[PDB]
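Coming up is one lone chain in structure tokens, specifically the form deposited in one PDB entry.
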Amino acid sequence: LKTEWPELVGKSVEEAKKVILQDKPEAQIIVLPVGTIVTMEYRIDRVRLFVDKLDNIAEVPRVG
């Protein structure tokens, strides 16, 4: 029941995806720009990744 990945902030997108899929194999990953407003629907298998201009995780990835 791992729903957040604090350890991944600063990691590259590609790196992040591997850890997540390892922890939550059914995860549906989506990459979005950091500092954005997003939709408030809750999807149990989704993992939004917010990245900086460098493609590094900028916020703690969590399920929803």
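A residue's number is simply how far along the shown sequence it sits, counting from 1. Definition used throughout: the rigid core is the maximal C-alpha set that superposes within 1.5 Å between two forms. Shifts are known only where both forms have a C-alpha.
Separately, the form deposited in another entry exists; it is not shown, and the next lines address it.
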Review point. With the core lined up, does the C-alpha of residue 14 move 2 Å or more between the shown form and the other one?
Key: no
Exercise for review: Look at the CA atoms of residue 41 and residue 8: state whether they lie closer or farther apart in that other deposited form than in this form, given a difference of 3 Å or more.
Suggested key: closer
Exercise for review: Answer with closer or farther for the CA-CA spacing of residue 11 and residue 41 in that other deposited form compared to the shown form; it moves by 3 Å or more.
Suggested key: closer
Check your understanding: Once the rigid core is overlaid, which residue runs, three or more long, move by 2 Å or more at each CA between the shown form and the other one?
Key -> 38-64
